[PDB]
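Residues per chain are reported as follows:
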Amino acid sequence: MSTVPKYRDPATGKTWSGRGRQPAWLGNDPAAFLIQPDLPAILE
């Protein structure tokens, strides 16, 4: 494992990571579906 998700579509649950060919759902407003640290990165 060497990469991590960056975006997640709220309509279908699909994900992307800022690498390779960009998704079709990405091509409208990137800020709407970005993944964010809603909880600390020190949790399991």
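Residues numbered from 1 in each chain as written, not as in the entry; some residues may be left out. Heavy atoms only, no water.

Enquirer: Whenever I open this one, the overall build of the protein chain confuses me. Can you help?
Expert: Looking only at helices and strands, one finds 0 helices and 2 strands in the protein chain. Counting only C-alpha atoms and orienting by the principal axes, one finds that the protein chain spans roughly 35 × 20 × 15 Å. Looking at the 44 residues of the protein chain, the share that counts as buried comes to 14%. Sequence separation of at least 24 residues holds for 25% of the intrachain contacts in the protein chain that already meet a minimum separation of 6. Per element, the accessible surface of the protein chain, about 4200 Å² overall, is 52% carbon and sulfur. Distance between charge centroids for the protein chain: 12 Å, based on 5 positive and 4 negative side chains. (Helix = DSSP H or I, 4+ residues; strand = E, 2+ residues; numbered from the N terminus. Buried < 20%, exposed > 50% of the residue type's maximum accessible area, 1.4 Å probe, protein only. Contact = heavy atoms within 4.5 Å. Areas by Shrake-Rupley, 256 points an atom, 1.4 Å probe, with all protein chains shown as cover. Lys, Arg positive; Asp, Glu negative; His and termini not counted. Charge placed at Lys NZ, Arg CZ, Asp CG, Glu CD.)

Enquirer: Is there a simple way to explain the UniProt feature "DNA-binding region" in the protein chain in this structure?
Expert: According to UniProt, the "DNA-binding region" feature falls on residues 19–24 and 19–25. Note that residues 19–25 is 0% helix and 0% strand, and that its end C-alpha atoms are spaced 15 Å apart. (UniProt positions renumbered as here; feature names shortened; annotations may be inferred.)

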